[PDB]
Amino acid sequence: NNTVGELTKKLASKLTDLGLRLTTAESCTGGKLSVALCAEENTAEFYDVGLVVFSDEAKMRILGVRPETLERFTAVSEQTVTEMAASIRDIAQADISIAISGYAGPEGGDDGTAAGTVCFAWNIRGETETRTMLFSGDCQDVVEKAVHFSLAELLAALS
């Protein structure tokens, strides 16, 4: 019913109308979320910084994810993405951030979390919503659905 391109167009219009700035941190989707947001005609007026990170080490060093958050909950959790989303919003001095962390596949987590499990955080002016989704399909399917969902949820919150 909405393609990713339709979502980014609607989000762009909403964000620019509200004078708001978005940033993203991706640990799963490989930059596909960044790519969708830069595909917009006027991406420059609402989106500046996108980060892609794979390792726990990078999350700790770049996004200030606490080592004990990772110890208690792993990188794929709503707690980790809450920290990722808060850090990147500060780093970018943005109004809104999205953080995604998941197991796109084919392997799952070491703790046996199913492949296709993806955690999201949306931080809007310091207010954070989180979700954990389980997606079917191969890695590219999971990534496509994760990107779509992260955009669709933000659009909904900005009702």
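Heads up: residue numbers just count along the shown sequence, starting at 1.
Stretch comparison (131 to 139 versus 145 to 153) by mean CA B-factor in the PDB entry places 131 to 139 on top. Between 25 to 33 and 58 to 66, it is 58 to 66 that carries the larger average Cα temperature factor according to the deposited entry. When the modelled residues of the chain are ordered by C-alpha B-factor, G50 sits in the lowest third. The entry lists a Cα temperature factor for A39 that places it in the middle third of the chain's modelled residues. Among the modelled residues of its chain, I124 has a C-alpha B-factor that falls in the middle third, as given in the PDB entry. Annotation for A99: CA B-factor lies in the lowest third of the chain's modelled residues.
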